[PDB]
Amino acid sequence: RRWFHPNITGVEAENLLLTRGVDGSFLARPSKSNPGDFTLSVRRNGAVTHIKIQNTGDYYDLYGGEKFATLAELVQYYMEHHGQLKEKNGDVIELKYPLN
């Protein structure tokens, strides 16, 4: 981290990204809907997008795409490789600026 926030909700992440973030700000947090797992909260166009991270026990990924041994390697990969996450239509979801 410090893009990793161990004790926030999706709501609390929204509030943080909206008040202390800029467009391209992001963080990872524990998932509500999958206990024990993680979710990326990403600000783009003044709003927040959430994306689940899968942990299979053998790797992490985004329920698709490249496989990683650790959450930090996942985050680094998508920070370094811009334009790998997209809406189907067709703007990019960029992890630009960790929110620490």
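Take the two forms, find the largest set of C-alpha atoms that superpose within 1.5 Å, and that set is the rigid core. Heads up: residue numbers just count along the shown sequence, starting at 1.
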When the core is superposed, where do the C-alphas shift more in 6 other deposited structures of this protein: in 42-50 or in 29-37? 29-37
Higher-deviation segment by CA RMS in 6 other deposited structures of this protein, core fitted, 6-14 or 82-90: 82-90
Comparing 40-48 with 68-76, the higher average Cα temperature factor in the PDB entry belongs to 40-48
Mean C-alpha B-factor comparison - 80-88 and 21-29, higher one: 80-88
Assert third(CA B-factor, residue 1) within chain per record equals highest
Lowest, middle or highest third: where is residue 34 by C-alpha B factor in its chain? highest
